[PDB]
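One structure below.
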Ligand SMILES: [Ca+2]
Ligand SMILES: [Ca+2]
Ligand SMILES: [Ca+2]
Ligand SMILES: [Ca+2]
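Residue numbers (the entry's author numbering), protein chains in the order written: chain B, 28 to 225; chain A, 27 to 226.
Okay, here's the thing in structure tokens:
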């Protein structure tokens, strides 16, 4: 069982000091997957955005601490349900290899609480995908039920045979806000990808 | 407690097929051809992209087991090269999405083995199983199971609908999809089951 390197895999970069403070720029090491242009290049707290957030004692948004370390990565979409999807993507160094089983695990978070008078109850739905090149090899499209203010672990697996047409292409990961519900924000954390003989 | 939702021709048993390893090339009754990329022609031959049902019986040259359910399986074959698109079966159910309910969709997915007219059937295009409400894919298994030539495995897709889900009261739907991300670019489905139960 081997780990494949992922940059900023727990969104711990940058370090954030204050409880529930967050960034509004793409997490370091990741790019914004934006197939529908929902996330503007220059964002504010009133636009769709993504970034990292510190989950600590005193958080008003969760009933538990970050799955890993201090921070989570979050994606919030302001457009109405059905408008499209957005999230994070990272292209890895490793390439697809035959006779190997891949295991992608990532923690998915559903916001909780209330701010002002508005509640964060609700979830847009998630999809976690494992890629080779531009191809989605395997994906978990919203299979887990996650309660408000909680996290749960998603597992995606894929076995690559010697005749798989995408061998030698770069592995990739996408973490996606499906925007099929409100509250239309979600979190991810603790991304891990391992390989083993198949 | 756990209630089954009615699905038409859910084991692809209609039409009856008499001869082992014989197949149809027209859309199974009760299902529609899901064709977002126009890969499947309206009129099909044995060698066009096609779909239909097939009898998997004793003596079959294509699997190491019989159909997971009954006599027949439903299949989808795509002749275009990997990366061209996807196609499969779709059925809209009569039931609608209900609040505070957990849905469990199960379908057996089959990987052909053997050879047909000297063409090797080894390989798999990848599959996706989708639960939908209206036009929305609520939950889906995109190719998570590894399935060897000549075998079947059960895909499980779960979804929990809360009271504020925007798609409540829209009609439930199912899609069984050939991903066309490998050759041999055909696969099978069987034994579609959908249950609903209270979640919370
Ligand atoms: Ca973390
Ligand atoms: Ca929520
Ligand atoms: Ca059957
Ligand atoms: Ca095969």
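Where a beta carbon is used, it is the ideal one built from N, C-alpha and C, also for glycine.
A distance below 8 Å separates the beta carbons of residue 190(B) and residue 149(A).
For the segment 71–103 of chain A, the set of positions with a beta-carbon nearer than 8 Å to some beta-carbon of chain B is empty. Scanning 135(A), 129(A), 166(A) and 85(A) for the CA closest to the CA of residue 223(A) turns up 129(A). Between residue 214(B) and residue 197(A), the alpha-carbon positions lie close to 29 Å from each other. Only 207 and 208 from the segment 194–223 of chain B bring a Cβ to less than 7 Å from some Cβ of chain A. About 15 Å separates the beta carbons of residue 63(A) and residue 103(A), which is beyond the 8 Å limit, so they are not a contact pair. In terms of Cβ geometry, residue 157(B) and residue 185(B) form a close pair [threshold 8 Å]. Residues are counted here when their Cβ sits less than 9 Å from a Cβ of chain A; for the segment 150–163 of chain B these are 150, 152, 154, 156, 161, 162 and 163, given in chain order.
With a threshold of 7 Å, the Cβ atom of residue 100(B) does not count as near ligand 2, since no heavy atom of the ligand is closer than that. Beta-bridge pairing by DSSP links residue 118(B) to 199(B). Pairing residue 29(B) with residue 221(B), the inter-Cα distance amounts to about 5 Å. The beta carbons of residue 88(A) and residue 147(A) sit about 7 Å from each other, so the pair counts as a contact at 8 Å. In this structure residue 218(A) touches residue 36(A) by the C-beta definition: roughly 4 Å separates them, less than 8 Å. One thing to note: residue 167(B) has its Cβ within 8 Å of the Cβ of residue 183(B). Residues of the segment 182–194 of chain A with a C-beta atom less than 9 Å from some C-beta of chain B are 182, 183, 184, 185, 186, 188, 190, 191, 192 and 193, listed in chain order. Residue 62(A) sits in coil when the DSSP states are folded into three classes, being neither helix nor strand.
Residue 223(A) sits in a strand when the DSSP states are folded into three classes. Taking a 10 Å sphere around the C-beta of residue 90(A), we find fewer than 16 other C-beta atoms and assign the residue as exposed. For residue 81(B), the pairing in a beta bridge is given by DSSP as 98(B). Within the segment 132–216 of chain A, the complete beta strand (DSSP E) segments at least 3 residues long are 153–159, 162–168, 178–187 and 197–204, listed from N- to C-terminus. Listed in chain order, the non-local C-beta contacts of residue 205(B) below 8 Å within the same chain comprise 112, 151, 152, 153, 154, 168 and 169, local neighbours out to five positions each way being set aside. Not a single heavy atom of ligand 1 lies less than 7 Å from the C-beta of residue 177(B).
In chain A, no part has a C-beta under 9 Å from the C-beta of residue 61(B); the shortest such distance is about 20 Å. By the neighbour-count criterion, in which a residue is buried when 16 or more other Cβ atoms sit within 10 angstroms of its Cβ, residue 208(A) is buried.
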